[PDB]
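Trainee: Please see the structure below; I have some questions.
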Amino acid sequence: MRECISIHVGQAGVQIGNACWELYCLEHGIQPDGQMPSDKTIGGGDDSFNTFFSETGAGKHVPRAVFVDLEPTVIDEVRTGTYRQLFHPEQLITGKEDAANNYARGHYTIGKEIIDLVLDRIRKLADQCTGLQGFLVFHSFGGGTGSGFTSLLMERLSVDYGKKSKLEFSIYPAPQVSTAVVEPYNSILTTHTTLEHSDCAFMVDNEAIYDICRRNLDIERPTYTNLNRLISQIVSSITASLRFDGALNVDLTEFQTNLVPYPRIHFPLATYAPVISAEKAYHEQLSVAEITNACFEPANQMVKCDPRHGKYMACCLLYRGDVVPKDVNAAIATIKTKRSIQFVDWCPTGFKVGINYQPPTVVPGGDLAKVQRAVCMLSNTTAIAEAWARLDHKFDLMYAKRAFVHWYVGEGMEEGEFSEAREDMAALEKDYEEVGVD
Amino acid sequence: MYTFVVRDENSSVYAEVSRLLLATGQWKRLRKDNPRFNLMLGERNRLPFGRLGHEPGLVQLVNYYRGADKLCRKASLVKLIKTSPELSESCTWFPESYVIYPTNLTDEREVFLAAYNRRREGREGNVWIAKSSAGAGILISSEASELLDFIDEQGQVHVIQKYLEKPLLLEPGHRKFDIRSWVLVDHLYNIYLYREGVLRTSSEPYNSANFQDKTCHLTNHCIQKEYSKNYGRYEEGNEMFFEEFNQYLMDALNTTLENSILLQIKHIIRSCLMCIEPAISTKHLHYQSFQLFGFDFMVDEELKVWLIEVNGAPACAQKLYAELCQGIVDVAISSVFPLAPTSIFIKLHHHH
Amino acid sequence: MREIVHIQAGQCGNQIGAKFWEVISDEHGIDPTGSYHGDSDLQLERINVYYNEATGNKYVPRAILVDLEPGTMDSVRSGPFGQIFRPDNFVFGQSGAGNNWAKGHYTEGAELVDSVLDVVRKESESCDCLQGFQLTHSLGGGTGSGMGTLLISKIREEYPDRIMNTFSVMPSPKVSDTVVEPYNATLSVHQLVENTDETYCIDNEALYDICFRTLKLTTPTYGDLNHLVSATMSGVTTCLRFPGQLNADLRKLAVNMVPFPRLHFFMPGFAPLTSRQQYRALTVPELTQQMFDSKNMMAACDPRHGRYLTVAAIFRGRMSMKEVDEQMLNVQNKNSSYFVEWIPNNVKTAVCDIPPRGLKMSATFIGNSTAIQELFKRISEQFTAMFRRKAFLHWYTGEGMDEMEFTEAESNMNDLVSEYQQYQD
Amino acid sequence: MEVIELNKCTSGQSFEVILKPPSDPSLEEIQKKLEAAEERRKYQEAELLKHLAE
Ligand SMILES: Nc1nc2c(ncn2[C@@H]2O[C@H](COP(=O)(O)OP(=O)(O)OP(=O)(O)O)[C@@H](O)[C@H]2O)c(=O)[nH]1
Ligand SMILES: Nc1ncnc2c1ncn2[C@@H]1O[C@H](COP(=O)(O)OP(=O)(O)CP(=O)(O)O)[C@@H](O)[C@H]1O
Ligand SMILES: Nc1nc2c(ncn2[C@@H]2O[C@H](COP(=O)(O)OP(=O)(O)O)[C@@H](O)[C@H]2O)c(=O)[nH]1
Ligand SMILES: [Ca+2]
Ligand SMILES: [Ca+2]
Ligand SMILES: [Ca+2]
Ligand SMILES: [Mg+2]
Ligand SMILES: [Mg+2]
Ligand SMILES: [Mg+2]
């Protein structure tokens, strides 16, 4: 067994982190007080679920997680929430004033004064690990902490834990649920500095989660709770292999080996199905072919884009529930003859399939309905470069006039770091085009 | 009040559509870089499809289908026909074609020579035509040596296809011609064929014993108006419309335009567009597409119709701009953005 | 615990500040004696932003009252909520400022400023984490204008990294006390350009026209004008006083509203504005149409004469947030020519469930528009009509000022106008 | 359409299907960047105080 430490930075990371650990507990049968009746080894053990949970002598299963936010209001919810008993105070770190949606404020001004404290709290979790795999970092692009402090943390993690893998779950900025105009700046500043430190990043566009909530869940105006419960279902689908017995993506290294042949291009597109409304009278349960075929619909992609006009570099199919390999192959064959699936010539045309017999767990009273089988597809398509294009365009619109740049320079950042980060993105978009287009 | 942007100032078609939209008093043109638009009349090359459909509360529509270039590129069209089972290599309505890359750069050189050597030995007509998308640059010859050497002197991909040595000639004049069909595909992938086509005729007698002078062999409107001395002699601007052409087919061949030619044209249009529908359809996409196409056909003396190419940014006959452009507003724009007949199109039903 | 320190200076500043604390105190359930008597936990959630908690569960406003004469502040202390203010927070002189910027800034004001800063320091020392300051004052007088801008300069010296926010009443010849108001306003605007992060420009002419034409008040008084400022100040501070996510604090608001440091002067707006047909329900479309209508704005500038750099809208009441988004997007998508296209998504919308007293729902408008240059052009023209003849200057040179300082304020404000002009194109 | 590396356990199974074959900054440098930005902030605040002293 090898442990995984989760790190939640900023409001988005903390609130999403809260939703995942709630789900993790319901999936592993852990109660809000930390007790786990099914764990027969009291006070220890190296089971698959121990990669995410340590154990005390009293039988409490404590998440291997750190929560960081430069303002205490979001993390206080964790301290007084349903699962307040899971964590101990050392795990929750909060400052007194936030980064004001200012990357430079989170990275430099405030980051410099708190970085050593966060590293100390993480070192404590690492010292409980007999074979640490690496870290899972949850954060937003648009927030000043989620963007500015995360990039600082990732730089130091590579220095303090050189041989450890680092995965990201990043929230792509969407105006429908955003109120910060400078988020394109922060997203591109943090992508530039984090790119060389992240082995694999799963971007979630809030626009996509927002429309899935309104379309499939019939929520006219979704809230962060609605968005986060859906996100944690996808996150859970991706991390299940680390928390359950299996042979596919059993450690963080396999995520890079299976999804990222080229290092800079490490942003796999996530696609999830089915998402059914709990308020529905009662839904017709979809087959393996129907949910598989759904993985190639732009409607259930975590980032809206057209994979038909890119090239695949890898493709994982993560099933949960009543799924047997025979039905997966049959559905896959049928989809090839109908769908546009072009792989890069220097990669095999195939699919790695993982099946977990336990169907998706749904939060009681939540919005999602219980389904008999679900799938999450992880595909590395050049089509996700549309996301960078959209973002880089907005960046160029404001930066041409230097609008808002004074806020960043006032925090000790040099203006030249703007163009430096933008040129890195320009090269990133060029890499995608070289791999995808003829 | 619907909003639209104009990103192709050279489009005579959508210059008229933009003129008609504003005349309605319910459409407002924005600066070409304003993202808060309902409709984009986009540029021809590198149209940023990836930035469409991300404006909260705006149904966004564009006048180009992403991926339709596979059909509207010389080499692409050949590759699409030979590799798509819906069209097959034995496709009976497309001339035997081959993709030839100049030797200074897969490539079908040997496959072409094989088919070429077969015709030469079997006493069959062995006249081929070399062309590319980078032309105003065409060569017609019966010797494979001249065709291959002509492409090596260039630096772009070319296509060699069989030259129709037995074209249907109009009389009087003994002259060649081609048929232009305008097809509009709306956001729902309905295939509408404009009831009005045009025959771009050659005003020079067809001469099968001299492919060096390409004035009587190429029916391009620009070539006839620059290098032909009988331009406008038989019809105005070397453009015969369906009413006249149909009356000709009845007086000379005792048939009609619908039976002898139009059925094949409608069949070819369906086959091409239905082939790529799964790849370009915007049915479940965050934005919507429509596109006007210009199909070019050849007719031989057996009244068999052959497909020459498909134009993704076609122009229209001066006489038909008003009607067609209005039709584009009715079926392609107002259908998504309604305002506060006897359709001029022919719907080609099909299975989606 | 993101505390804000409030300061009200001069006649206008204290009369508007008083009404402001009267309005929000009602919204938070604080009675004139500081005792809470509300029925919702949302009232106390963010109460410490503007109120200190004393013994016996008393809430004392975090306000400092400043003036160079006792008169106005005596009316406050004897006013409705006068007893709610901390007695030690009354700092006043006896000389007065005679509507003279130089007296408030250089002579009379200088003698009293240190004692005011002793109270400010006292309030700041007890803040867990001080956001910044908000000042209410006029620019046409002497105390709020001259000494107000003096206090801002000395507060920035001692708290250089805290946000400085002002509500600034701009003079108008239609609602004028003395002919020297353009002098005092031009001198103050240069101080604000340098030392404030956010300034809500409130033109007394706009307040008058709204009272006369829209509200149908035959003879507007200062009290009528202050009702509009009350409701407006309560609207623009809702984001700070109740649970919310957008523009939740002063620095985050500045970061989203000020793309260039000197262009931080906002046009506020309010809706509804009904005359006494007052019981009719107001739909979300109506709320939005009016909120963006120039007649509902208090800068006396035509928005269609310029372009919006950024916009912040706050909707209050139990209403369809879905329907709010639709109408907001409709306004932008129907007039996108008045929004600069080089700041994507520069129109942000925030909702709040608690409506103002006596209204089912309302909407407050905060625009950073280049049209605000019209306001500074009016002041500049009025300034120059007198300065070219050196009229009334002896009131100022008698206090130690030189003409050069007037010529510099003149050029400084013309620069500002030119800065707004280059972004309007 | 080949299936390879089939692995089965009580809680699931995994396999691979092939349709077609193919054809940092040191801790020292981080502190410098952080201190350089802190120095530029100090310089800017000093000029602000200097301006206010005048
Ligand atoms: N999906 C999701 N997105 C969120 C959530 N909270 C914030 N966001 C998004 O994150 C972006 C803003 O960044 P935040 O995480 O709130 O800011 P921060 O990391 O706390 O940094 P500060 O500037 O110090 O507040 C916006 O685009 C929000 O839409 C959340 O709970 N779920
Ligand atoms: N295989 C073939 N057999 C006979 N004629 C041919 C031919 N291919 C092309 N032509 C002649 O060439 C002319 C147009 O060639 P082509 O369409 O390839 O060039 P082009 O694309 O620049 C003109 P357009 O785009 O307007 O149709 C036609 O009028 C036709 O007569
Ligand atoms: N809106 C409003 N404006 C006022 C009020 N009192 C004075 N003014 C304006 O403020 C300016 C006079 O400044 P004033 O505050 O009286 O001088 P000060 O006491 O020295 O600061 C003039 O332009 C007046 O129109 C008031 O109660 N409400
Ligand atoms: Ca155990
Ligand atoms: Ca590393
Ligand atoms: Ca004295
Ligand atoms: Mg935050
Ligand atoms: Mg062509
Ligand atoms: Mg007065």
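Residues are referred to by chain and number: the chain letter is A, B, ... according to the order shown in the structure tokens, the number counts from 1 in that chain, and ligands are numbered separately from 1 in the order shown.
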Once DSSP has gone over the backbone, tell me which residues of region 359-425 of chain A are in strand (DSSP E), as a PyMOL selection string.
Mentor: chain A and resi 373-381
Trainee: Could the residues in this selection be saved with C-alpha atoms as an mmCIF file, in the first residue's frame?
Mentor:
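Once written, selection_38.cif looks like this:
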```cif
data_model
loop_
_atom_site.group_PDB
_atom_site.id
_atom_site.type_symbol
_atom_site.label_atom_id
_atom_site.label_comp_id
_atom_site.auth_asym_id
_atom_site.auth_seq_id
_atom_site.Cartn_x
_atom_site.Cartn_y
_atom_site.Cartn_z
ATOM 1 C CA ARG A 373 -23.953 1.296 -14.038
ATOM 2 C CA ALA A 374 -21.928 4.400 -14.850
ATOM 3 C CA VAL A 375 -18.767 5.174 -16.806
ATOM 4 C CA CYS A 376 -16.151 7.916 -16.837
ATOM 5 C CA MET A 377 -13.959 8.206 -19.933
ATOM 6 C CA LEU A 378 -10.523 9.829 -19.675
ATOM 7 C CA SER A 379 -9.235 10.726 -23.140
ATOM 8 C CA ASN A 380 -6.264 12.907 -24.063
ATOM 9 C CA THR A 381 -7.662 14.784 -27.069
#
```
Trainee: If we count only C-alpha atoms, what is near region 39-54 of chain D at a cut-off of 9 Å, once residues fewer than 2 positions away on the same chain are taken out, given as number ranges by chain?
Mentor: A: 109, 409-414; C: 153-154, 156-157, 160-161; D: 34-37
Trainee: Take the residues from that selection and put them in a file with C-alpha atoms, as a PDB file, in the first residue's frame.
Mentor:
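selection-v5.pdb, written as the output of this step:
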```pdb
ATOM      1  CA  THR A 109       2.594  38.853  -0.995  1.00  0.00           C
ATOM      2  CA  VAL A 409       2.575  44.929 -10.239  1.00  0.00           C
ATOM      3  CA  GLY A 410       1.503  46.516  -6.946  1.00  0.00           C
ATOM      4  CA  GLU A 411       1.955  43.131  -5.254  1.00  0.00           C
ATOM      5  CA  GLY A 412       5.583  42.835  -6.389  1.00  0.00           C
ATOM      6  CA  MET A 413       5.012  40.933  -9.628  1.00  0.00           C
ATOM      7  CA  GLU A 414       6.838  42.150 -12.719  1.00  0.00           C
TER       8      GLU A 414
ATOM      9  CA  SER C 153      -3.905  61.687   2.898  1.00  0.00           C
ATOM     10  CA  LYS C 154      -2.877  61.118   6.521  1.00  0.00           C
ATOM     11  CA  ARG C 156      -3.067  56.508   3.656  1.00  0.00           C
ATOM     12  CA  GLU C 157       0.252  57.432   5.258  1.00  0.00           C
ATOM     13  CA  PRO C 160      -0.883  52.472   3.083  1.00  0.00           C
ATOM     14  CA  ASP C 161      -2.135  48.946   2.291  1.00  0.00           C
TER      15      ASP C 161
ATOM     16  CA  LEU D  34       9.886  35.783  -3.563  1.00  0.00           C
ATOM     17  CA  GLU D  35      12.303  38.290  -2.022  1.00  0.00           C
ATOM     18  CA  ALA D  36      12.707  40.234  -5.273  1.00  0.00           C
ATOM     19  CA  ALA D  37       8.938  40.798  -5.341  1.00  0.00           C
TER      20      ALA D  37
END
```
Trainee: Write down as an MDAnalysis selection string the residues of region 93-272 of chain C whose backbone DSSP state falls under alpha helix (DSSP H).
Mentor: chainID C and resid 101:105 108:125 148:158 181:195 204:209 222:236 238:241 250:257
Trainee: Counting only C-alpha atoms and all ligand atoms, which protein, DNA or RNA residues come within 9 Å of ligand 3, given as JSON, numbers by chain?
Mentor: {"C": [9, 10, 11, 12, 13, 14, 15, 16, 67, 68, 69, 72, 96, 97, 98, 99, 100, 101, 104, 137, 138, 139, 140, 141, 142, 143, 144, 145, 146, 147, 148, 169, 170, 171, 172, 173, 174, 175, 176, 177, 178, 181, 182, 185, 202, 203, 204, 205, 207, 208, 221, 222, 223, 224, 225, 226, 227, 228, 229]}
Trainee: Please find the residues contacting ligand 8 at a distance of at most 8 Å between atoms, with only C-alpha atoms and all ligand atoms counted, and report them as a ChimeraX atom specification.
Mentor: /B:72-74,133,309-311
Trainee: Give me the residues within 7 Å of region 1-16 of chain D as a list in words, counting only C-alpha atoms and dropping any in the same chain fewer than 5 places off.
Mentor: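 What passes the distance filter is residues 245, 246, 247, 248, 351, 352, 353, 354, 355, 356 and 357 of chain A.
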Trainee: Check the smallest atom-to-atom distance from each of B:37, B:189, B:345, B:65 to chain A using only C-alpha atoms, then report the winner.
Mentor: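 Ranked by minimum distance to chain A, first place goes to B:65.
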Trainee: For chain C, list the residues within 9 Å of chain B, counting only C-alpha atoms, and write the list as a ChimeraX atom specification.
Mentor: /C:325-326,329-330,332-334,336-337,341,344
Trainee: Keeping only C-alpha atoms, write those residues as a compact mmCIF listing (two decimals), in the first residue's frame.
Mentor:
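The result, stored in out-v6.txt:
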```
# COMPACT_ATOMS: atom_id res chain seq x y z
CA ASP C 325 -29.62 36.60 -15.31
CA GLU C 326 -31.90 36.64 -18.36
CA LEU C 329 -27.79 39.42 -20.30
CA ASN C 330 -30.58 41.06 -22.31
CA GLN C 332 -25.76 43.77 -22.37
CA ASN C 333 -26.76 41.83 -25.50
CA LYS C 334 -29.05 44.70 -26.57
CA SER C 336 -23.13 45.95 -26.21
CA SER C 337 -21.93 49.10 -27.98
CA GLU C 341 -15.12 44.87 -25.71
CA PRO C 344 -14.71 40.32 -21.30
```
Trainee: Residues of chain A within 6 Å of chain C, using only C-alpha atoms, as a count of residues only?
Mentor: 9
Trainee: Just the residues within 8 Å of region 196-201 of chain B, please, counting only C-alpha atoms, with nothing from its chain fewer than 2 positions along; format it as an MDAnalysis selection string.
Mentor: chainID B and resid 175:182 194 203 219:221 238:242 317 320
Trainee: Restricted to C-alpha atoms, what would the selected residues look like written as an mmCIF file, in the first residue's frame?
Mentor:
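Saved as out-v8.cif:
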```
data_model
loop_
_atom_site.group_PDB
_atom_site.id
_atom_site.type_symbol
_atom_site.label_atom_id
_atom_site.label_comp_id
_atom_site.auth_asym_id
_atom_site.auth_seq_id
_atom_site.Cartn_x
_atom_site.Cartn_y
_atom_site.Cartn_z
ATOM 1 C CA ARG B 175 -19.433 23.376 -76.941
ATOM 2 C CA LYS B 176 -18.652 22.042 -73.463
ATOM 3 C CA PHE B 177 -20.194 23.171 -70.172
ATOM 4 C CA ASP B 178 -20.623 22.402 -66.476
ATOM 5 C CA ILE B 179 -23.549 22.664 -64.062
ATOM 6 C CA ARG B 180 -23.422 24.621 -60.802
ATOM 7 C CA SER B 181 -25.870 23.585 -58.078
ATOM 8 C CA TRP B 182 -26.255 25.604 -54.876
ATOM 9 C CA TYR B 194 -31.837 25.667 -54.874
ATOM 10 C CA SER B 203 -18.342 29.717 -76.114
ATOM 11 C CA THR B 219 -15.797 26.187 -68.529
ATOM 12 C CA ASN B 220 -14.651 28.598 -65.804
ATOM 13 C CA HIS B 221 -16.523 31.889 -66.107
ATOM 14 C CA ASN B 238 -21.954 32.023 -70.886
ATOM 15 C CA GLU B 239 -24.706 31.259 -68.359
ATOM 16 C CA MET B 240 -27.691 29.184 -69.482
ATOM 17 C CA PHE B 241 -30.308 28.718 -66.778
ATOM 18 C CA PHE B 242 -32.511 25.689 -66.220
ATOM 19 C CA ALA B 317 -25.156 34.086 -60.578
ATOM 20 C CA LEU B 320 -30.094 34.782 -58.639
#
```
Trainee: Could you check how far CA of residue 154 (chain A) sits from CA of residue 317 (chain A), in Å to one decimal?
Mentor: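 We find that CA of residue 154 (chain A) and CA of residue 317 (chain A) lie 28.6 Å from each other.
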Trainee: Find the residues near ligand 4. Use a cut-off of 9 Å, count only C-alpha atoms and all ligand atoms, and write them as a count of residues only.
Mentor: 17
Trainee: For chain A versus ligand 7, which residues have an atom no more than 7 Å away, and what is each residue's nearest atom pair and distance in Å rounded to one decimal, using only C-alpha atoms and all ligand atoms, chain-then-number order, as a Markdown table?
Mentor:
```
| residue | atom | partner | partner_atom_place_in_ligand_line | distance |
| --- | --- | --- | --- | --- |
| A:10 | CA | ligand 7 | 1 (Mg) | 5.4 |
| A:11 | CA | ligand 7 | 1 (Mg) | 4.9 |
| A:69 | CA | ligand 7 | 1 (Mg) | 6.6 |
| A:70 | CA | ligand 7 | 1 (Mg) | 6.7 |
| A:71 | CA | ligand 7 | 1 (Mg) | 6.2 |
| A:98 | CA | ligand 7 | 1 (Mg) | 5.6 |
| A:99 | CA | ligand 7 | 1 (Mg) | 6.9 |
| A:143 | CA | ligand 7 | 1 (Mg) | 6.5 |
| A:145 | CA | ligand 7 | 1 (Mg) | 6.4 |
```
Trainee: At a cut-off of 8 Å, list the chain A residues touching chain B, using only C-alpha atoms, as an NGL selection string.
Mentor: :A and (175-176 or 297-299 or 304-305 or 308-309 or 338-340 or 386-387 or 389-390)
Trainee: Take the residues just selected and output them with N, CA, C and O atoms as a PDB file, in the first residue's frame.
Mentor:
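That gives us selection.pdb:
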```
ATOM      1  N   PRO A 175     -17.984  32.421 -16.733  1.00  0.00           N
ATOM      2  CA  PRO A 175     -18.627  33.662 -16.270  1.00  0.00           C
ATOM      3  C   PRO A 175     -19.978  33.459 -15.608  1.00  0.00           C
ATOM      4  O   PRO A 175     -20.372  34.282 -14.775  1.00  0.00           O
ATOM      5  N   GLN A 176     -20.711  32.400 -15.950  1.00  0.00           N
ATOM      6  CA  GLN A 176     -22.039  32.221 -15.374  1.00  0.00           C
ATOM      7  C   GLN A 176     -22.005  32.069 -13.858  1.00  0.00           C
ATOM      8  O   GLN A 176     -23.010  32.351 -13.197  1.00  0.00           O
ATOM      9  N   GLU A 297     -20.394  12.206 -26.523  1.00  0.00           N
ATOM     10  CA  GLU A 297     -21.310  13.323 -26.706  1.00  0.00           C
ATOM     11  C   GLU A 297     -20.745  14.565 -26.035  1.00  0.00           C
ATOM     12  O   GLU A 297     -20.389  14.514 -24.849  1.00  0.00           O
ATOM     13  N   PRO A 298     -20.639  15.691 -26.741  1.00  0.00           N
ATOM     14  CA  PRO A 298     -20.114  16.906 -26.098  1.00  0.00           C
ATOM     15  C   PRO A 298     -20.905  17.334 -24.875  1.00  0.00           C
ATOM     16  O   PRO A 298     -20.402  18.138 -24.083  1.00  0.00           O
ATOM     17  N   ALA A 299     -22.117  16.806 -24.684  1.00  0.00           N
ATOM     18  CA  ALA A 299     -22.994  17.297 -23.627  1.00  0.00           C
ATOM     19  C   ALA A 299     -22.532  16.869 -22.239  1.00  0.00           C
ATOM     20  O   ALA A 299     -22.809  17.570 -21.260  1.00  0.00           O
ATOM     21  N   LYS A 304     -16.469  21.650 -22.619  1.00  0.00           N
ATOM     22  CA  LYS A 304     -17.142  21.654 -23.911  1.00  0.00           C
ATOM     23  C   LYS A 304     -16.123  21.866 -25.026  1.00  0.00           C
ATOM     24  O   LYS A 304     -15.394  22.862 -25.031  1.00  0.00           O
ATOM     25  N   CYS A 305     -16.084  20.928 -25.967  1.00  0.00           N
ATOM     26  CA  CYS A 305     -15.164  20.942 -27.098  1.00  0.00           C
ATOM     27  C   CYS A 305     -15.536  19.768 -27.992  1.00  0.00           C
ATOM     28  O   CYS A 305     -16.309  18.892 -27.602  1.00  0.00           O
ATOM     29  N   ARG A 308     -14.201  15.323 -32.249  1.00  0.00           N
ATOM     30  CA  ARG A 308     -14.192  14.890 -33.641  1.00  0.00           C
ATOM     31  C   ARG A 308     -13.123  15.614 -34.446  1.00  0.00           C
ATOM     32  O   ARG A 308     -12.651  15.095 -35.463  1.00  0.00           O
ATOM     33  N   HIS A 309     -12.744  16.820 -34.019  1.00  0.00           N
ATOM     34  CA  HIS A 309     -11.769  17.638 -34.727  1.00  0.00           C
ATOM     35  C   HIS A 309     -10.465  17.746 -33.945  1.00  0.00           C
ATOM     36  O   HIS A 309      -9.791  18.779 -33.979  1.00  0.00           O
ATOM     37  N   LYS A 338     -19.395   4.067 -36.037  1.00  0.00           N
ATOM     38  CA  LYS A 338     -20.294   5.209 -36.116  1.00  0.00           C
ATOM     39  C   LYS A 338     -19.649   6.533 -35.740  1.00  0.00           C
ATOM     40  O   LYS A 338     -20.037   7.565 -36.291  1.00  0.00           O
ATOM     41  N   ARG A 339     -18.677   6.532 -34.835  1.00  0.00           N
ATOM     42  CA  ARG A 339     -18.086   7.754 -34.312  1.00  0.00           C
ATOM     43  C   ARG A 339     -16.790   8.100 -35.036  1.00  0.00           C
ATOM     44  O   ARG A 339     -16.155   7.256 -35.676  1.00  0.00           O
ATOM     45  N   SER A 340     -16.403   9.369 -34.916  1.00  0.00           N
ATOM     46  CA  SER A 340     -15.148   9.875 -35.466  1.00  0.00           C
ATOM     47  C   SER A 340     -14.097   9.809 -34.365  1.00  0.00           C
ATOM     48  O   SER A 340     -14.064  10.659 -33.471  1.00  0.00           O
ATOM     49  N   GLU A 386      -9.078  23.808 -27.472  1.00  0.00           N
ATOM     50  CA  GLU A 386     -10.067  24.872 -27.604  1.00  0.00           C
ATOM     51  C   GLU A 386     -10.205  25.649 -26.304  1.00  0.00           C
ATOM     52  O   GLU A 386     -10.434  26.864 -26.325  1.00  0.00           O
ATOM     53  N   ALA A 387     -10.064  24.967 -25.163  1.00  0.00           N
ATOM     54  CA  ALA A 387     -10.173  25.645 -23.877  1.00  0.00           C
ATOM     55  C   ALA A 387      -9.063  26.672 -23.701  1.00  0.00           C
ATOM     56  O   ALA A 387      -9.314  27.795 -23.250  1.00  0.00           O
ATOM     57  N   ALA A 389      -7.428  28.154 -26.122  1.00  0.00           N
ATOM     58  CA  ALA A 389      -7.675  29.215 -27.093  1.00  0.00           C
ATOM     59  C   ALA A 389      -8.655  30.242 -26.543  1.00  0.00           C
ATOM     60  O   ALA A 389      -8.390  31.449 -26.570  1.00  0.00           O
ATOM     61  N   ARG A 390      -9.806  29.779 -26.052  1.00  0.00           N
ATOM     62  CA  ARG A 390     -10.776  30.685 -25.450  1.00  0.00           C
ATOM     63  C   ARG A 390     -10.118  31.549 -24.382  1.00  0.00           C
ATOM     64  O   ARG A 390     -10.290  32.773 -24.356  1.00  0.00           O
TER      65      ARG A 390
END
```
Trainee: I'd like the neighbourhood of region 420-426 of chain A as a PyMOL selection string, where a residue qualifies if any of its atoms comes within 12 Å (using only C-alpha atoms), though same-chain residues fewer than 6 positions away should be ignored.
Mentor: chain A and resi 184-196+264-265+385+387-396+399-400+414+432-433
Trainee: Would you mind listing the residues within 12 Å of ligand 5, counting only C-alpha atoms and all ligand atoms, as a list in words?
Mentor: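 Result of the 12 Å neighbour search around ligand 5: residues 134, 135, 154, 155, 156, 157, 158, 159, 160, 161, 162, 163, 164, 165, 166, 167, 194, 195, 196, 197, 198, 199, 200 and 263 of chain A; 24, 25 and 26 of chain D.
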Trainee: Please tabulate, as a tab-separated table, the residues of chain A that come within 8 Å of ligand 1, each with its closest pair of atoms and the distance in Å to one decimal, counting only C-alpha atoms and all ligand atoms and ordering rows by chain, then residue number upward.
Mentor:
```
residue	atom	partner	partner_atom_place_in_ligand_line	distance
A:9	CA	ligand 1	19 (O)	6.3
A:10	CA	ligand 1	19 (O)	3.3
A:11	CA	ligand 1	20 (O)	3.9
A:12	CA	ligand 1	6 (N)	3.6
A:13	CA	ligand 1	15 (O)	6.5
A:14	CA	ligand 1	31 (O)	7.5
A:15	CA	ligand 1	31 (O)	4.7
A:16	CA	ligand 1	31 (O)	5.7
A:69	CA	ligand 1	20 (O)	6.3
A:70	CA	ligand 1	24 (O)	5.8
A:71	CA	ligand 1	24 (O)	6.9
A:97	CA	ligand 1	24 (O)	7.5
A:98	CA	ligand 1	24 (O)	3.7
A:99	CA	ligand 1	24 (O)	3.5
A:100	CA	ligand 1	23 (O)	4.2
A:101	CA	ligand 1	23 (O)	3.3
A:102	CA	ligand 1	23 (O)	5.9
A:103	CA	ligand 1	23 (O)	7.6
A:106	CA	ligand 1	24 (O)	6.7
A:139	CA	ligand 1	15 (O)	6.5
A:140	CA	ligand 1	10 (O)	4.9
A:141	CA	ligand 1	11 (C)	6.5
A:142	CA	ligand 1	11 (C)	4.5
A:143	CA	ligand 1	13 (O)	3.0
A:144	CA	ligand 1	23 (O)	3.5
A:145	CA	ligand 1	21 (O)	3.6
A:146	CA	ligand 1	19 (O)	3.5
A:147	CA	ligand 1	19 (O)	6.5
A:171	CA	ligand 1	3 (N)	6.1
A:172	CA	ligand 1	27 (O)	6.8
A:173	CA	ligand 1	27 (O)	4.3
A:174	CA	ligand 1	27 (O)	5.8
A:175	CA	ligand 1	27 (O)	7.1
A:176	CA	ligand 1	29 (O)	7.8
A:177	CA	ligand 1	29 (O)	4.6
A:178	CA	ligand 1	29 (O)	4.2
A:179	CA	ligand 1	26 (C)	6.9
A:180	CA	ligand 1	26 (C)	7.0
A:183	CA	ligand 1	27 (O)	7.0
A:204	CA	ligand 1	1 (N)	7.9
A:206	CA	ligand 1	1 (N)	5.6
A:209	CA	ligand 1	1 (N)	7.6
A:224	CA	ligand 1	31 (O)	4.8
A:225	CA	ligand 1	31 (O)	6.8
A:227	CA	ligand 1	1 (N)	5.3
A:228	CA	ligand 1	32 (N)	5.3
A:231	CA	ligand 1	1 (N)	7.2
```
Trainee: Around ligand 6, out to 9 Å and counting only C-alpha atoms and all ligand atoms, which residues are there? I want them as a ChimeraX atom specification.
Mentor: /C:95,107-108,111
Trainee: Mind checking which residues fall within 8 Å of residue 328 (chain B), counting only C-alpha atoms, ignoring those fewer than 5 positions away in the same chain, and posting them as a VMD selection string?
Mentor: chain B and resid 17 184 333
